[PDB]
Structure formats: C-alpha cells, structure tokens
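First, one chain by itself in structure tokens, the form deposited in one PDB entry.
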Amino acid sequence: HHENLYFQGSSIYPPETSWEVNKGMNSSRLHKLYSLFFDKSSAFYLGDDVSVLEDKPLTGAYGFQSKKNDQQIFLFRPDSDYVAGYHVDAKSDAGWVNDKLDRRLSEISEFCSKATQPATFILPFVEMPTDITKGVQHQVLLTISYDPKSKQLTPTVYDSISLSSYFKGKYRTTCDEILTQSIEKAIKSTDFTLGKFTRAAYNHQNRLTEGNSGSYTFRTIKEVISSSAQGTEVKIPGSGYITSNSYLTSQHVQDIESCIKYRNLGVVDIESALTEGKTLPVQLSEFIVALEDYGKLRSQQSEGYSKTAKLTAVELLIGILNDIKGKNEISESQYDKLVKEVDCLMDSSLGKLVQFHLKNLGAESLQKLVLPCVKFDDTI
C-alpha cells in the first residue's frame, strides 16, 4: 500500500528537547529546519543567493528566484509520502514510488512543459528495500534540473551512505531503477528528454549515520540552492569538500539541534517565513513549551540535582512565564522562589535549554528576564 495521504497545515512542530543529530530525521523535523533559511545568523542563510518568487506556483513547493542569474529554484516541503520502495531481488520488478511522489513528478513535468526559464526542483525523500523485512528508511535528496534550450530534464540523487559485478545484477541496492522509470513515464508526452541520471554518494566512511544522514540531506539542500543560484557546481564531501567535517560543521550542527530541540514552530509560520523570506524570531511561548516538554520527558525516565528538584524548578518557572505571557505580572514571592531555583535551572541539559531561550529572548539571566515584570512589596 503506497497511496496518497492528506494532512493539513494547522499543526505544530514541538520542541524535542532530547534530540541529537544521530537520533534520526523525519519529514516533520526536516520541514522545521527550513526556518533556518532566512535567518541571517544561520550557516544555512540563503538570502544572499535567492529571493522569494511570486508565486510561481508549484503545489507543495516554495519558489525562489536566483539573485545572480535567471534560475528559478523550487524546494518541496518534506512529506512522509515521498517514499520509493525498491526490490532487492533483481528477478522481481524494480519496486514502486508512492502515488503522491509520482503525482509530483507529473506536476514538475507539466511545469517544465510551460517553462521558459531554467528551473531546479529539490525534493527530499526516502528509499527503502521492500522485500527484505528489515525496513530502514534511508533519507536521500532528488534534484531535477530543467534546461529549456536543451531540452533536458536532468535528475540527480544525493546519498549520504562491495558486492561483485555479477551479484550487482542479482541484487539492487537503491531505488534508481524504479525512480528513473517513474520520471521517464512522467515526461513521455513532452518535447523534452531525460538528461543523465546520476547518484552522487558522499559519506563512505561510516559512523552509524542512520542517523545524521537527514542532517546531511538538509545540508545538501542548502548547497544545491546556493550552487544553483550562483551557477556553480554542487560541492559535496569527496567532491568539493575534502572532509565531512567542513561540510556539516559544528555551527551547522548547533543550528540544526537548537532548532529541533528548543523551538516550537507552527507549520503556518514556516510557510509564512519561506513565502516572504523572513526569519522566525523566538517567542516566549516557545520557552514555556520547551520547559513543559523537558518536564514531560523527564517524568518518564528512568522509571547532581534530583529528578524531583528539576521538575520542581521547571514547574515553578513555567508558572512564572505563563504569568508573564498575560496579563501580566509576577509577585515578589514568586521571584524569590525563582532565585533559589536558578542554579538548578542552569545546570546540565536544562541549563542549555534555558540558555538558548535566554539568549534568543534578549536576557542575560533568569532574573533579568522576569525582573521587569515583578511587583515588589513594596517601594519607597
């Protein structure tokens, strides 16, 4: 069963305070990362390379116009239905692509048949073996380059990752055959043809990238957009970047983890940021939801400061910040309780959560964030 599935955009990507790059990616987290693209402080800022398009409408995709050349760049929102299943056994057919993914290939084909400018289509998706019951959802990146003069559609799959030539004809290891077939049928009736399909594979050293391969996919989305906007080649590890470390740097990783762990973003806010090219500033309500999530998670494990001390300090601070979110105003006793909890709130992982939101809200400390709202008892 690989059919269309429809979920709407009234949803929220919550703070996942326990997440790290090695914990894996899904379509929801990857979409949440798109908020980084117009934050000037981010290593993934795209604002020097592209600006927003109008529209030029491709359903399910955000349109950008290169600032340095004529290229239009279309980045598809991630979707759990973007799945290609391949059969490992070469005596079976090649596999399948989910109907929704197949519909997008037809929609890209219809767009290109009317296009007068060069365009680049960027689509994150997962490939997976379907007749071997261990099912790993391997995150990959499809890019399609359309050249109106050629007239060629050129697909490429970027793949953050030893059987003989004979067994490579008995066993498939990727979805290239079914994917090629699906693109081919989508364009059969057009006046253009397929360029050379290529799989650029780039992390052969293995550090159990089950994994951060979603983080490399997001990093490659940024390279494809910038490289396409600048008319340059897409440089990736082993082919432009000599180390994976200079490709996905510590700055890149911090940006990814901060966004996923600590932010609380509505889908509608991310669509607003990408269709108008704004940054999404951190709101105090995200601090609250981040602490709530932290407490909810801690209550489950595993059944310094004790678990009871940390949940006590988190309950106290959540109440104070809700008491600041409206009307509002906090008492001197609440503030005095909070002073006694500060050391506990700044300790270990709770402290990094607190420090991220302090920094992004404009306060140097828990006290300086709430002191403007304190009524003392009393004045002079």
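So that there is no doubt, residue numbering starts at 1 and follows the sequence shown. Only the largest set of C-alpha atoms that superpose within 1.5 Å between the two forms is called the rigid core.
Not on display, but discussed next: the form deposited in another entry.
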- After the core is superposed, which of these residues, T209, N98, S244, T120, moves its CA 2 Å or more between this form and the one not shown? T209
- Mind checking the CA-CA distance of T209 and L46 in that other deposited form? It differs by 3 Å or more from this form, so is it closer or farther? farther
- Message: Relative to what's shown here, the Cα pair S239 and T209 differs by 3 Å or more in that other deposited form. Does it come closer or drift farther?
- Response: farther
